[PDB]
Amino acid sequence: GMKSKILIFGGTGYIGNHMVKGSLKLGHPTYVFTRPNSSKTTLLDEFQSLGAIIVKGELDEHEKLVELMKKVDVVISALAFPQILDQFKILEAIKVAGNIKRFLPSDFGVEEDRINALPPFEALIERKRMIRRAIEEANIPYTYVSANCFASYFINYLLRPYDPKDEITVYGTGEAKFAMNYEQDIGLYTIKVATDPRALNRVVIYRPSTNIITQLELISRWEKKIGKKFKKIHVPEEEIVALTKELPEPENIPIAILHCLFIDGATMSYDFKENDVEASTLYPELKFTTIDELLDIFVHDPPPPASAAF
């Protein structure tokens, strides 16, 4: 009816699929753009059964993008790091069509306009910054989502719950705080803020007070849940920094990211600004799945591990 029509790029993605599902669950007409040479016919078939409109095509098809933009109201990009600057193709189409009410570029991580990282990672987040600067210069309505850590992704990475090993690797001292959110919730909240006037042209941060923790605390709570103790093996900060300088690319990128999130504590190293919007405070009918609930999920029905593309 009056629900804004949402177009999602990278919808078959690791985080993108939760945005597609959240969109449909909220009653929004949902368009999913996907490459012709897909390996997700089963995933696309699921979206289709849920009401999604599938549009196959390449980002290089400028005319197709423009005609597609004219049919929707909101555009959300969940593309991967290798495709960050390819978002300029999306932006060009948005500018030509001229009817888009809100554009959310592919951020969904650290708040790159207030944090810095080691060269391997810094170079990549500068690409996201370039997208934001272009959006602002063109006066395109937007919302920048700092989702912080994808919870299933990093619980799997840090705890390797599917590994019966007796040791656990700790990065740095393990004392740095970080916030992590369940992917399913990042998906739903992103759709909500994309049409919330309170988020128009603002930075939105997902930092629920129940999802702030340190590596050491996460391990301790996990040990209690499963009744096992691990031998904590620390990897010195100086060691991690050296690796980012010697190891090749993309091998050194994940190392740089681990330093950013778990040693420097970039997701918790700042205080909110006047115009910042913390999403957990927005909807009284909704709440972010907490860390305790997340650990319970890994005990009962753990989601598969994942590895981002670099």
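We call the rigid core whatever largest set of C-alpha positions still superposes within 1.5 Å between the two forms. Residue numbers here begin at 1 and follow the sequence given.
- Superposing the other copies on the rigid core and comparing 34-42 to 278-286, farther C-alpha placement in 4 other deposited structures of this protein marks 34-42.
- With 70-78 and 231-239 compared on mean CA B-factor from the PDB entry, the stretch scoring higher is 231-239.
- In this entry, 166-174 shows the higher mean Cα temperature factor of the pair 138-146 and 166-174.
- In the PDB entry, the Cα temperature factor peaks, among 266, 282, 257, 52, at 52.
- Highest CA B-factor among 277, 44, 261, 59, as stated in the entry: 44.
- Sorting the modelled residues of the chain by their CA temperature factor places residue 18 in the lowest third.
- Per-chain ranking of the deposited C-alpha B factor places residue 6 in the lowest third.
- Placement of the Cα temperature factor of residue 105 within the chain: lowest third of the modelled residues, per the deposited record.
- Sort the chain's modelled residues by C-alpha temperature factor and residue 195 lands in the highest third, per the entry.
- The PDB entry assigns residue 187 a C-alpha temperature factor belonging to the lowest third of its chain's modelled residues.
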